[PDB]
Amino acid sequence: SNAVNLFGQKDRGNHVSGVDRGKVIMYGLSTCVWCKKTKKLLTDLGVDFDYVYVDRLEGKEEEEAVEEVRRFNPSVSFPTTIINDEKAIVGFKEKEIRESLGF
């Protein structure tokens, strides 16, 4: 599924038709090559995951997304992929992502 902002731009997606590996969420930017490469890895692993484009959010939603990223990644950098509310992976780290997800 996906959601748009007020301006019609996609700001979130939730892929929930593959393999359940619990809560997996990638915070990214809509203009971020490495974020797109991380999304492609998650897609190619077949895992359920959500993604958020923080630069497409507004108001309290944008505030809340940044605070979530900062909690797990004080740099507030992208992508930040949070796995099972426990493990945060900053950047496109291919081996680390696949291993953390059980591959």
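Residue numbers here begin at 1 and follow the sequence given.
- As recorded in the PDB entry, 29-37 is the stretch of 43-51 and 29-37 with the greater mean C-alpha temperature factor.
- The question of which stretch, 73-81 or 56-64, has the higher mean Cα B factor is settled in favour of 56-64.
- Per-chain ranking of the deposited C-alpha B factor places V16 in the highest third.
- For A3, the recorded CA B-factor ranks within the middle third of the chain. Only modelled residues enter the ranking.
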